[PDB]
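Heavy-atom basis, side chains included; hydrogens, waters and symmetry copies ignored. Along the sequence shown, residues are numbered consecutively beginning with 1.
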Amino acid sequence: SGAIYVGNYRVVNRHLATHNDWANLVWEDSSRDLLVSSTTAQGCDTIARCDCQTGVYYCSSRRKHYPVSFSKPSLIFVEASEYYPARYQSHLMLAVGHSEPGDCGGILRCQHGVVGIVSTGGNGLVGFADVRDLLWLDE
Ligand SMILES: NC(=O)[C@H]1CCCN(C(=O)Cc2cccnc2N)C1
Ligand SMILES: [Zn+2]
């Protein structure tokens, strides 16, 4: 679990969005596993606007943060799950690191701010849904 709170927006994994997220929907994209909902309270997370390929993510299944080198956002095949059929997930970045299904939503950050959230994993890999191209989150 986990979310990004920026301005009047909450960014979550689309497969973990709640009834309240869907009732306050702003934008969603199944191909990216992202959903953004509106909030009444002001969020103060900062979104990175950069091309960093190193950062630190929070891993809930270890209660720890890990440093990672990750690939640029790209179209990556993701095997079928209870939430989606087998498909290409877009804007996904992979890195070597520990992840379990419940780790989805953990934030990846670089020195500029939030980069994205955990969305995929298994086999000593961890995948992050990029949010740096969503310029409207702060303007
Ligand atoms: N974005 C998606 O389609 C995901 C939806 C939930 C299931 N998916 C995983 O990759 C889970 C996973 C397995 C093993 C280790 N870590 C994990 N995060 C795919
Ligand atoms: Zn950066």
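Under the side chain to side chain donor-acceptor pair (under 3.5 Å) test applied with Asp33, the options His15, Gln89, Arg14 reduce to a single match, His15.
Applying the salt bridge (charged side-chain N to carboxylate O under 4.0 Å, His left out) rule to pairs touching residues 70-90 yields nothing, sequence neighbours excluded. A salt bridge (charged side-chain N to carboxylate O under 4.0 Å, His left out) check over residues 124-139, counting only residues at least two apart or in different chains, returns the pairs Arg32-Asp133, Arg49-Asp138, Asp130-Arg132. The stretch residues 118-139 participates, sequence neighbours left out, in these ring pair (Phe, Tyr, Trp, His ring centres under 6.0 Å) pairs: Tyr9-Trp136, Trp27-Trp136, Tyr57-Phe128. Pairs passing the salt bridge (charged side-chain N to carboxylate O under 4.0 Å, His left out) check and including a residue from residues 16-25, sequence neighbours excluded, read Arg10-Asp21.
Hydrophobic clustering (ILVMFWY, side-chain heavy atoms < 4.5 Å, transitive): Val36 and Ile117 are in one cluster.
Expressed to the nearest 0.5 Å, how far CG of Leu125 lies from CG of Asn123 amounts to 6.5 Å. In this structure, NE2 on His91 lies 6.5 Å from OG on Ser31, to the nearest 0.5 angstrom. Considering CG of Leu16 and SG of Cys104, their distance stands at 6.0 Å, rounded to 0.5 Å. Summarising the geometry, atom CG belonging to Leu94 is positioned 5.5 Å from atom OG1 belonging to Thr120; distances are rounded to the nearest 0.5 Å.
Between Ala129 and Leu92, the shortest heavy-atom distance links the atoms N-CD1, 4.1 Å. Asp45 approaches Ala3 most closely through the heavy-atom pair OD2-O, 4.3 Å.
Using a distance-only test at 3.5 Å, with no hydrogens or angles considered, no donor-acceptor pair links the side chain of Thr46 to the main chain of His112. Distance alone, capped at 3.5 Å, places no donor-acceptor pair between the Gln53 side chain and the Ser69 backbone. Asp103 places a side-chain N or O within 3.5 Å of a backbone atom of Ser61 that can act as its donor or acceptor partner.
Looking at heavy atoms from C-beta onward, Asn13 lies out of side-chain contact with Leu34 at the 4.5 angstrom threshold. Between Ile107 and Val56, every side-chain heavy-atom pair lies at or beyond the 4.5 Å cut-off. In this structure, the side chains of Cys59 and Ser99 stay at 4.5 Å or more apart for every pair of heavy atoms. Two residues are said to be in side-chain contact when any heavy atoms from C-beta on lie closer than 4.5 Å; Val11 and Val114 fail this criterion. You'll find the side chain of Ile76 stays beyond 4.5 Å of the side chain of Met93, heavy atoms only. Proximity of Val68 to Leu108: side-chain heavy atoms (C-beta onward) are separated by under 4.5 Å at one or more points. Two residues are said to be in side-chain contact when any heavy atoms from C-beta on lie closer than 4.5 Å; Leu25 and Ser37 fail this criterion.
For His65, the ring-ring contact (aromatic ring centres under 6.0 Å, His included) criterion is met by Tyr58, not counting sequence neighbours. By the salt bridge (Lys or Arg N to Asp or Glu O under 4.0 Å) test, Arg62 pairs with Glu100, sequence neighbours left out.
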Working note: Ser38 + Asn8, criterion side chain to side chain donor-acceptor pair (under 3.5 Å); need CA distance, chi angles, decisive distance, verdict.
CA-CA 6 Å; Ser38 57; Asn8 288 296; over 6 Å; no
